[PDB]
Amino acid sequence: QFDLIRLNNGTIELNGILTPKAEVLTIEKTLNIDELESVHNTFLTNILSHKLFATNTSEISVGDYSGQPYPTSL
Amino acid sequence: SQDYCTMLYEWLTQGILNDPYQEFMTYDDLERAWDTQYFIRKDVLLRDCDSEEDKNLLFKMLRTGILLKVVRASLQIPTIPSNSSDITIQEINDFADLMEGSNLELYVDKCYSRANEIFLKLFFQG
């Protein structure tokens, strides 16, 4: 039941306020349309966020000794 | 003092801070991130905060509203009803009377006790 966010620093964050139990003093985590699209975009982005595919940016380390983006060599 | 008193009442029985003209002591940030700093506008206080007794009273009033604030946030509710506890507190309808001595402290203690009753029920049940 716990909605937990894993962070890269090891933190597991509860996603929001911890709610009380059903016993109180006095539902489903479904996705909406944008959320579904977002998940999909996130996914494709993640594939292409892998370092080896970053051929459109100066941020890709261009190999090391070859001096080229990994896909050039591949 | 009628609106002032109402503002105080809601702070103490609901944990509601609503001060568009910045006249109330206990202001905070943002207007997540719930552990914000509270500020005491010494200059708008009813009493000094130099005596130990009044400092204690001021803090009790502060805590009272905070506990209630937590409860409202925790239960995701706009308000805490009177039937949420066995302690029901009447509105302040006479400022001068409240300021007559002792009455203020007791009014606050009742509010404080109530805030703890409600709060603790939540923490040990909710």
# chains A, B, ... in the order shown; residues from 1 in each chain; ligands from 1
>>> residues_around(residues="residue 54 (chain A)", least_positions_apart="5", cutoff="10 Å", atoms="only C-alpha atoms", output="count of residues only")
9
>>> interface_residues(of="chain B", to="chain A", cutoff="7 Å", atoms="only C-alpha atoms", output="list in words")
residues 32, 74, 84, 122, 125 and 126 of chain B
>>> write_last_selection(atoms="N, CA and C atoms", output="PDB file, in the first residue's frame")
ATOM      1  N   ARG B  32       3.543  19.135   0.500  1.00  0.00           N
ATOM      2  CA  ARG B  32       4.899  19.097   1.018  1.00  0.00           C
ATOM      3  C   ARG B  32       5.308  20.376   1.707  1.00  0.00           C
ATOM      4  N   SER B  74      -3.597  16.291   7.917  1.00  0.00           N
ATOM      5  CA  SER B  74      -3.521  14.849   7.936  1.00  0.00           C
ATOM      6  C   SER B  74      -4.802  14.206   7.496  1.00  0.00           C
ATOM      7  N   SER B  84     -15.578  16.342  17.149  1.00  0.00           N
ATOM      8  CA  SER B  84     -14.354  15.613  16.967  1.00  0.00           C
ATOM      9  C   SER B  84     -13.736  15.304  18.311  1.00  0.00           C
ATOM     10  N   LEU B 122      -5.607  10.910  16.764  1.00  0.00           N
ATOM     11  CA  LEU B 122      -5.185  10.610  15.437  1.00  0.00           C
ATOM     12  C   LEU B 122      -3.910   9.800  15.443  1.00  0.00           C
ATOM     13  N   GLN B 125      -4.394   6.134  16.660  1.00  0.00           N
ATOM     14  CA  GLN B 125      -5.466   5.346  16.085  1.00  0.00           C
ATOM     15  C   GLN B 125      -5.353   5.445  14.599  1.00  0.00           C
ATOM     16  N   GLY B 126      -5.291   6.672  14.109  1.00  0.00           N
ATOM     17  CA  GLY B 126      -5.143   6.879  12.681  1.00  0.00           C
ATOM     18  C   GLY B 126      -3.780   6.383  12.247  1.00  0.00           C
TER      19      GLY B 126
END
>>> atom_distance(atom1="CA of residue 11 (chain A)", atom2="CA of residue 34 (chain B)")
18.6 Å
>>> select_by_dssp(residues="chain B", states="alpha helix (DSSP H)", output="PyMOL selection string")
chain B and resi 2-14+52-75+95-98+103-125
>>> closest_residue(among="B:28, B:57, B:13, B:42", to="residue 87 (chain B)", atoms="only C-alpha atoms")
B:13
>>> residues_around(residues="region 10-12 of chain B", least_positions_apart="3", cutoff="12 Å", atoms="only C-alpha atoms", output="number ranges by chain")
B: 3-7, 15-19, 24-27, 58-69, 78-81, 88-92, 104, 107-116
>>> atom_distance(atom1="CA of residue 46 (chain A)", atom2="CA of residue 67 (chain A)")
24.2 Å
